[PDB]
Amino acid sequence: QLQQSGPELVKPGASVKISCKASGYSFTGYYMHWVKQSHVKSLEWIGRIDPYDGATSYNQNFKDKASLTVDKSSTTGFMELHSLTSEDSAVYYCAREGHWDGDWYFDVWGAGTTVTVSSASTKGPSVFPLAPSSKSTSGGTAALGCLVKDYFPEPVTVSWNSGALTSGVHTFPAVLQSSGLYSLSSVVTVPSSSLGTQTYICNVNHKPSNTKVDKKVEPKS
């Protein structure tokens, strides 16, 4: 019910504007809140906005750092972050303060927007196949995958067969290489007897570099 904008790479001192599109409910009847997650053990409330009249309330820590607006015609909320520092690299959520049983709470959340503050240039990944073979068979099952190497910044999106293959997929958390670039793998287990008839394509989308790659993983001899 809430769709947020894509990941952002921002140079230090610049600004960024991220959006939160609402659908399927009365936009002006519910507060839209924003939350900052710096890491897995930190959640901070940034502020809220009343889309009816655009009234805003902010956490004192984010005044002069953030500004909330809405466009009623498109039922979208916006948050602009100003003059970013490295401490502004985080994942940003929007949430609706919904209503149930006469009480109010955050009942719908956006998927989150990753903002990375860095002066480094973006780099798209190169995608290499992890081809199945006798070296990757176990108990009648075969393992195959994609190696997504040397990209900046995070994140990269990996799907299989345009999202039709989800069972048995493991997309590993990226690692930081000594070059400062990232790499990850995505793997899936399938029947070994299926390698002649089935098609396995990993879809790699790295939005900071506008990099979209499809690699068909075929068996090695």
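The first residue of the sequence shown is number 1, and the count goes up from there.
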| query | finding |
| --- | --- |
| Stretch with the higher entry mean CA B-factor, where the candidates are 97 to 105 and 140 to 148 | 97 to 105 |
| Of 110 to 118 and 79 to 87, the stretch whose C-alpha atoms average the higher B-factor in the entry | 79 to 87 |
| Of the residues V70, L181, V190, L184, the one carrying the largest Cα B-factor as recorded | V70 |
| Of the residues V169, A66, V156, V175, the one carrying the largest Cα B-factor as recorded | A66 |
| For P51, the third of its chain into which the C-alpha B factor falls | highest |
| Within-chain third of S15 by Cα B-factor, per the entry | highest |
| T199 CA temperature factor, ranked by third within the chain | lowest |
